[PDB]
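To start, the structure itself, in structure tokens.
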Amino acid sequence: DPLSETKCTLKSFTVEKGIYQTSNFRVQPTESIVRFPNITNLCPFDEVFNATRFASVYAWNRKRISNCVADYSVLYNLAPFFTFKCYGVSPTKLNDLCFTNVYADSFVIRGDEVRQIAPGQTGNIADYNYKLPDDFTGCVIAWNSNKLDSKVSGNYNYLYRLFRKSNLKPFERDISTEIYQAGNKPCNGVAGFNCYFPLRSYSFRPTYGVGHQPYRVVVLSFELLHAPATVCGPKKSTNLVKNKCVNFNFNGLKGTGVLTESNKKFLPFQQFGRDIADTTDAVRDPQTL
Amino acid sequence: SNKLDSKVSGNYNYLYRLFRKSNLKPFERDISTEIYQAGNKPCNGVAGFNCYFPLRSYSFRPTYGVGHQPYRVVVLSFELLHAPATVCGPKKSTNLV
Amino acid sequence: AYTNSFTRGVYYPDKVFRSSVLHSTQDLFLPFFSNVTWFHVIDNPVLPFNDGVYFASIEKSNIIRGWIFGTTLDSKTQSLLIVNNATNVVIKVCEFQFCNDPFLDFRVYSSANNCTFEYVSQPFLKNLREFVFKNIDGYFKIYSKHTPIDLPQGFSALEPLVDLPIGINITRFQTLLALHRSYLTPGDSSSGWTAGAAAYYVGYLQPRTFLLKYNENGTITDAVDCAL
Ligand SMILES: *[C@@H]1O[C@H](CO)[C@@H](O)[C@H](O)[C@H]1NC(C)=O
Ligand SMILES: *[C@@H]1O[C@H](CO)[C@@H](O)[C@H](O)[C@H]1NC(C)=O
Ligand SMILES: *[C@@H]1O[C@H](CO)[C@@H](O)[C@H](O)[C@H]1NC(C)=O
Ligand SMILES: *[C@@H]1O[C@H](CO)[C@@H](O)[C@H](O)[C@H]1NC(C)=O
Ligand SMILES: *[C@@H]1O[C@H](CO)[C@@H](O)[C@H](O)[C@H]1NC(C)=O
Ligand SMILES: *[C@@H]1O[C@H](CO)[C@@H](O)[C@H](O)[C@H]1NC(C)=O
């Protein structure tokens, strides 16, 4: 009770006649609201995995992302989803991380050979065709779609590479037509015995197994270069309440205070207004403006 | 702890958990391990439908680099307030003056 | 030739609303009564981009159509190219090799390489135009103001238009011109082609303390330089 608190603030069991400042009343906030602008520039990964055309193993493309807002939570609506072993980063916390630029690697991989593309692995296409670094940040998107992209007359248009003598370092390509050198042999220029030219092709069939199936492998990669980040992930939910002591957070600027309608005419480039002696007076809504 | 605990084709008895529903309060422990998920879909989704088993087996080999060799770490917890204490060094006493 | 800039070069440094208070800002502004370089369009040399350039132009036929930025004109390092048009602007930082003279709109003077960034927005364009370019914190800022009309005595605050997240090293810059029916070669002479009679201005920013007077509606009505 305020009598014994007055005995508490002066450290004496008996108080005399007079007015005493004991404490300071302060209203605790009830709710907390965060707001962010609209998802205008949505990310065009719909060109990547929802497309029908795809590249080969050695002829993979690299499609970069400059400025977008991301959305990976809606990407899980696909039915052949079965592999998402992410590398370094948990898939839950990636939605809040904001990076600089995103590169995608789109190709098709033999479904028995999908375990070779992993950090700390050795295999056929891993050491000779395509490898990821051990400091890689990203995941693999692999799914089977043999019901749509194949026919019984032979879907051997997707080509691949089995072997070569050297080892390709990652982040380059080769469309080089190089002759096999076994030993004491000159180059002829035409195919034949011990001139094993590596132009190969797979054996895509619609009924070709359940584990030896075409897995459309998309390896999406995230890069940082100690720069100001451009590619932002899916933002938090936006909710708004007025005339109540709530926590406000409009692109930062976290605090406690009520929100009331104003009457002034602000300039369009202003984002948050500051009163005298460095106190925030007014912040405009990033959604409804 | 490379020569003692790291095994070839084994060393799977030590476990580690990848996620948790909330940040655990300090000096606490948990033993039960039911499968947790995103909430709107049931458990046993270890195939990859947005569900993970928390306790994963590492099973690494000594061919790895220095960043992921198993380090047998031991933390000592102390409290240095004024209380009746009976655990300190072998420093002898001196008769009272 | 030279011209003294009387009260120009004042922009919004903090993008906040302040109603009828006076703020002492310590940033980079053009000092008052300082000289700027005066040019006449009726060939341009390269000018250094030290730590910020205030650009000014009074035109009546829209003959300048952008700028070129970058620490080098060669294709070894990433340069910047901003060209304006009748409908939109394209901001393009991707390190193309440029000629010894800028192009006159032959609608191409650039080659191919690793290309990185591209930007579409609103069009940036007697008519007076002012522009300020700054790179201190790795963010490209442009403050502009178009007032109908040497340089006038009227005060005018310059509002921020765009803010790019590119942080390219900039040391040199170069202006753009445009002329009717002009063909260009990799090797250019000093003759050129005829255009409208106009002029443009180039200033330089220095770190000065400025006390800006804000109005009731948040507009800057007057400014006072400390070391003047
Ligand atoms: C991309 O695929 C997903 C999964 O089926 C689908 O929900 C989405 O609508 C597709 N996007 C398109 C067709 O633009
Ligand atoms: C965001 O979306 C809402 C609803 O579509 C709209 O009313 C509002 O004007 C939008 N804001 C911006 C800045 O586009
Ligand atoms: C006690 O158990 C609850 C429920 O599992 C847990 O949240 C809490 O952290 C535990 N506290 C301690 C001290 O172990
Ligand atoms: C092209 O630019 C990118 C990023 O600026 C760089 O990684 C790449 O090496 C460049 N290519 C060259 C210089 O051939
Ligand atoms: C930027 O350019 C200047 C002048 O050419 C040079 O002194 C400086 O080292 C450059 N900085 C970087 C990061 O390249
Ligand atoms: C501020 O704006 C209001 C609304 O347009 C106007 O009535 C008033 O005259 C302006 N005040 C000044 C000092 O410009």
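Protein chains in written order, with the authors' numbering: chain A, 294 to 582; chain C, 438 to 534; chain B, 27 to 68, 80 to 142, 157 to 176, 187 to 210, 215 to 293. Built from N, CA and C at the ideal position, the CB exists for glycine as well.
Can you tell me whether residue i is buried or exposed, with buried defined as 16 or more other CB within 10 angstroms of its CB?
i: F140 (chain B); result: buried
i: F541 (chain A); result: buried
i: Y313 (chain A); result: exposed
i: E465 (chain A); result: exposed
i: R493 (chain A); result: exposed
i: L518 (chain A); result: exposed
i: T240 (chain B); result: buried
i: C336 (chain A); result: buried
i: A27 (chain B); result: exposed
i: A397 (chain A); result: buried
i: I468 (chain C); result: exposed
i: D142 (chain B); result: buried
i: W258 (chain B); result: exposed
i: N477 (chain C); result: exposed
i: residue 181 (chain B); result: Since chain B is numbered 176 and then 187, with no step between, residue 181 (chain B) has no place in the structure shown.
So the candidates are the options; which of them puts its Cα closest to the Cα of residue i?
i: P225 (chain B); options: B:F32, B:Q134 and B:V36; result: B:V36
i: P82 (chain B); options: B:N61, B:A264 and B:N137; result: B:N137
i: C538 (chain A); options: A:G311, A:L296 and A:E324; result: A:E324
i: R498 (chain A); options: A:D442, A:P322 and A:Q580; result: A:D442
i: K202 (chain B); options: B:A243, B:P174 and B:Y91; result: B:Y91
i: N99 (chain B); options: B:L54, B:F175 and B:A288; result: B:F175
i: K310 (chain A); options: A:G566, A:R319 and A:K300; result: A:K300
i: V551 (chain A); options: A:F515, A:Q321 and A:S438; result: A:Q321
i: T29 (chain B); options: B:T286, B:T124, B:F168 and B:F58; result: B:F58
i: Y351 (chain A); options: A:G431, A:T470, A:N477 and A:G485; result: A:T470
i: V433 (chain A); options: A:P527, A:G502, A:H505 and A:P384; result: A:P384
i: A288 (chain B); options: B:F220, B:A264, B:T108 and B:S256; result: B:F220
i: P85 (chain B); options: B:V171, B:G268 and B:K278; result: B:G268
Below 7 Å, is the gap between the Cβ of residue i and the nearest heavy atom of ligand 5?
i: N196 (chain B); result: no
i: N234 (chain B); result: yes
i: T108 (chain B); result: yes
Given the structure, does residue i come close to ligand 4, in the sense that its CB is under 7 Å from one of the ligand's heavy atoms?
i: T470 (chain A); result: no
i: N165 (chain B); result: yes
Where does residue i fall in DSSP's three states?
i: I128 (chain B); result: strand
i: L296 (chain A); result: helix
i: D405 (chain A); result: coil
i: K386 (chain A); result: helix
i: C166 (chain B); result: coil
i: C488 (chain C); result: coil
i: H505 (chain A); result: coil
i: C361 (chain A); result: coil
i: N30 (chain B); result: strand
i: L110 (chain B); result: coil
i: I418 (chain A); result: helix
i: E554 (chain A); result: coil
i: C525 (chain A); result: strand
i: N343 (chain A); result: coil
i: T573 (chain A); result: strand
Quick one: does the C-beta of residue i sit closer than 7 Å to a heavy atom of ligand 3?
i: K458 (chain C); result: no
i: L461 (chain C); result: yes
i: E340 (chain A); result: no
i: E465 (chain C); result: yes
Hey, is residue i close to ligand 6, as in C-beta under 7 Å from one of its heavy atoms?
i: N370 (chain A); result: no
i: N556 (chain A); result: no
i: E224 (chain B); result: no
i: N280 (chain B); result: yes
Hey, is residue i close to ligand 2, as in C-beta under 7 Å from one of its heavy atoms?
i: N334 (chain A); result: no
i: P491 (chain A); result: no
Tell me whether residue i counts as near ligand 1, meaning its Cβ is closer than 7 Å to at least one heavy atom of that ligand.
i: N343 (chain A); result: yes
Cβ-based contacts, 8 Å cut-off: residues of the segment 551-566 of chain A near chain B: Cβ contacts with chain B: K557, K558, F559, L560, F562, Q563, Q564, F565 and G566.
Near-chain B residues of the segment 497-524 of chain A - C-beta to any C-beta below 9 Å: Of all residues in the segment 497-524 of chain A, the ones placed with a Cβ closer than 9 Å to any Cβ belonging to chain B are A520, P521, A522 and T523, in chain order.
Contacting positions in the segment 226-252 of chain B - beta carbon closer than 7 Å to chain A: From the segment 226-252 of chain B, only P230 and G232 have a Cβ closer than 7 Å to chain A.
The segment 277-289 of chain B: positions lying closer than 7 Å to chain A by Cβ: Cβ contacts with chain A: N282 and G283.
Chain A contacts made by the segment 442-463 of chain C, where a contact means CB separation under 9 Å: Per Cβ criterion, the list reads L455 and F456.
Residues from the segment 481-496 of chain A in contact with chain C, defined by Cβ distance under 9 Å: From the segment 481-496 of chain A, no residue has a Cβ closer than 9 Å to chain C.
Contacting positions in the segment 346-373 of chain A - beta carbon closer than 9 Å to chain B: From the segment 346-373 of chain A, only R357, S359 and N360 have a Cβ closer than 9 Å to chain B.
Near-chain B residues of the segment 393-421 of chain A (beta-carbon distance less than 8 Å), N- to C-terminal order: Within the segment 393-421 of chain A, no residue has a Cβ that lies closer than 8 Å to any Cβ of chain B.
Chain A contacts made by the segment 90-111 of chain B, where a contact means CB separation under 8 Å: Correct list: empty, as no residue qualifies.
Interface residues of the segment 187-208 of chain B facing chain A [CB-CB below 8 Å]: Cβ contacts with chain A: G199 and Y200.
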